[PDB]
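A.B. asks: Sequence plus experimental coordinates follow:
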Amino acid sequence: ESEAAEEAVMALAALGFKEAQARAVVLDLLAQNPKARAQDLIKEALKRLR
Amino acid sequence: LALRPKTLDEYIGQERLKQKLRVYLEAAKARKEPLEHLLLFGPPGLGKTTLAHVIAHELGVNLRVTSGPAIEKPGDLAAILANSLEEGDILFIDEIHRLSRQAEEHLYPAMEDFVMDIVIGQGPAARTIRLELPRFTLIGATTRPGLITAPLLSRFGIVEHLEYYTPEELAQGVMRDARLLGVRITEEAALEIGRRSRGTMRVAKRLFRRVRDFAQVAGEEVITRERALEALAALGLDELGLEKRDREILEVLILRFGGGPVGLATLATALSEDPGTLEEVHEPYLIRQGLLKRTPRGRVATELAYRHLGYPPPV
Ligand SMILES: Nc1ncnc2c1ncn2[C@@H]1O[C@H](COP(=O)(O)OP(=O)(O)NP(=O)(O)O)[C@@H](O)[C@H]1O
């Protein structure tokens, strides 16, 4: 898959988000910009997660 | 009804605190840019959050506001610390002593090196990912300094207490708050409200509402000592600040129940009402006035409580 995403996903999970729900947003975010860094990916996901 | 103080000078009372803040303030307002993390102890309704906006103003930064209960999971906080804030801003947290253990554990690093470290997976890997956060000043507050905050206390640079306001100050509020709403009221009038306000700014504004509500519903020229007194009289508030249900409470704990250890439960339903309520709302003041002392049995009224109502001291 993608290093940046798996990283971003695990972190989101640690922060207490539904594992599955986190992956979907992270992955789509990744689709918008494949070269994103795990930090920006996480924050950018942090504001789309319930 | 949407305007409050902005400059610290415009902030009423707390003179003791204003001097100390003014120092710590103008310092960082000159050095780098962030004010040290401030933890405010003190009773409710004293205007902590307003001090939050004021300080924010003094620095020329914005203010994010949240409560402990709200941060239901570290994420809730990471979201605020990573996106909600901008270099310099202040995040104020009310009831900060009810932060989820985890949540608090993630906060320490945030305050220290302005970074949040998240631990990925586990095992020998136990790798951690960090969220670079903006420099910010955390301003927490506890409706009860009573040790319920962890060692998170050691992460706070400043740590002060807001005190109850003298009725003159509370009055100074109603006063320079009415001119804002045009409303005509005379000094003493406001000051008569002060006396009734339980030393806390919250009740004052509230009471002034009620009083101005009942008032002008008959005239429009001016609220003077008399006008004020009659209004208060109508709503049923004695010089001591107790309300309609306040007397009724310590009342049913004398005639209906002998002046002896009644017992919360045996009092709530006893006079149709809830304990938590008649304990987390009415008992506080009644106690701070020495008219209802809690005993390791139930509830007991005091020789003063009887007096305020006009009964002879029974042995
Ligand atoms: N020291 C003060 N000087 C002037 N106005 C004040 C002062 N303190 C409070 N007020 C005003 O009185 C209102 C009600 O007070 P308060 O209940 O303390 O609200 P708050 O400061 O927003 N929140 P909190 O800190 O949780 O109580 C505020 O919204 C202010 O507009």
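C.D. replies: Now that the structure is in, tell me what you want to look at. Numbers count the residues shown, from 1 in each chain, chains lettered A, B, ... in the order given.

A.B. asks: Can you tell me the SS state at the closest residue in space to residue B:289 that isn't next to it in sequence?
C.D. replies: Distances taken as Cβ to Cβ, 6 or more residues apart in numbering or on different chains place residue B:240 nearest to residue B:289, at 6.0 Å, with adjacent residues excluded. Bear in mind the C-beta positions are built from the backbone N, C-alpha and C, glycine included. Secondary structure for residue B:240, judged by DSSP: H, G, I helix; E, B strand; the rest coil, is coil.

A.B. asks: ok, residue B:240 - how many residues close by?
C.D. replies: Residues lying near residue B:240 (other Cβ atoms under 10 Å in any protein chain shown) number 16.

A.B. asks: OK, contacts around residue 22?
C.D. replies: Just going to use chain A. By Cβ atoms under 8 Å, 6 or more residues apart in numbering or on different chains, the contact list for residue A:22 reads A:9, A:12, A:13, A:45, A:49.

A.B. asks: um, chain B though
C.D. replies: residue B:8.

A.B. asks: Check whether residue B:129 sits in a helix, strand or coil.
C.D. replies: Assignment for residue B:129 (three-state DSSP): strand.

A.B. asks: For it, give its distance to residue B:118.
C.D. replies: As judged by Cβ to Cβ, to the nearest Å, residue B:129 and residue B:118 stand 5 Å apart.

A.B. asks: Show me which residues of the stretch 201-315 of chain B are close to the ligand?
C.D. replies: B:201, B:202, B:205 (Cβ under 6 Å from any ligand atom).

A.B. asks: In PyMOL, how would I select just the buried ones from these?
C.D. replies: Provided next is the PyMOL selection string for whichever of these are buried by 16 or more other Cβ atoms under 10 Å in any protein chain shown:
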select buried, chain B and resi 201+205
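
A.B. asks: How far off centre is stretch B:79-92?
C.D. replies: 23 Å (Cα atoms, centre = their mean, to the nearest Å).

A.B. asks: just stretch A:22-40 next, same as before
C.D. replies: Worked out by Cα atoms, centre = their mean, stretch A:22-40 lies 5 Å from the chain centre.

A.B. asks: Could you export that stretch as CSV, CA atoms only?
C.D. replies: The C-alpha trace of stretch A:22-40 is given here as CSV (Å, rounded to 0.1, in the frame of the first residue of the first chain):
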residue,chain,number,x,y,z
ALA,A,22,-10.3,6.4,9.7
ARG,A,23,-8.8,4.4,6.8
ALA,A,24,-11.6,5.5,4.4
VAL,A,25,-11.0,9.2,4.9
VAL,A,26,-7.2,8.8,4.9
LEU,A,27,-7.2,6.7,1.7
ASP,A,28,-9.5,9.1,-0.1
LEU,A,29,-7.3,12.0,1.1
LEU,A,30,-4.4,10.1,-0.3
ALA,A,31,-6.2,9.9,-3.6
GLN,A,32,-6.5,13.6,-3.7
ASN,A,33,-2.7,13.9,-3.2
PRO,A,34,-0.7,10.6,-3.3
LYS,A,35,2.5,12.3,-2.3
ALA,A,36,1.1,13.6,1.1
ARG,A,37,3.2,13.3,4.3
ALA,A,38,1.8,11.3,7.2
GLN,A,39,1.5,14.4,9.4
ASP,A,40,-0.6,16.5,6.9
